[PDB]
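What the coordinates show
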Amino acid sequence: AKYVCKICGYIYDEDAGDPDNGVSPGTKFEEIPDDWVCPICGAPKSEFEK
């Protein structure tokens, strides 16, 4: 459900999303596009686990 970024740590809240890099609310992590990124640290999506 929540993936934490193992590099800069950011919490990939996919329900809150990350609009700053086009990652929306309601969007799931296994649904967050490959070039979406954290509004805070923007750490690489693949740094996501759940």
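Residues numbered from 1 in each chain as written, not as in the entry; some residues may be left out. Heavy atoms only, no water. Residues with missing side-chain atoms left out of burial classes, pairs and counts.

For this deposited structure, the header cites solution NMR as the method used.

This is how the line gets drawn: UniProt positions are given in the numbering used here, feature names are shortened, and annotations may be inferred rather than shown by experiment.
The name the PDB entry gives the protein chain is Rubredoxin, with Pyrococcus furiosus as the organism. Heading Function of the UniProt record for the protein chain holds this comment: "Rubredoxin is a small nonheme, iron protein lacking acid-labile sulfide. Its single Fe, chelated to 4 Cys, functions as an electron acceptor and may also stabilize the conformation of the molecule." Check the Sequence similarities section of the UniProt entry for the protein chain; it says "Belongs to the rubredoxin family."

1. Here's the deal with the UniProt feature "binding site: Fe cation" in the protein chain
Heads up, the condition is: Segments assigned H or I by DSSP are reported as helices when at least four residues long, segments assigned E as strands when at least two residues long, and all are numbered from the N terminus.
UniProt tags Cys5, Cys8, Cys38 and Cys41 as "binding site: Fe cation". On the basis of their most widely separated C-alpha atoms, the annotated residues across 37 residues gather in one place, lying no more than 9.9 Å apart. Relative to the helices and strands, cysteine 5 resides in strand β1 (residues 4–5). Of note, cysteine 8 is situated in the loop between β1 and β2 (9–11).

2. Focus: the environment of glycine 26
Note on placement: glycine 26 falls in the segment after β2. Separated by 13 residues in sequence, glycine 26 and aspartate 13 place their C-alpha atoms 9.8 Å apart.

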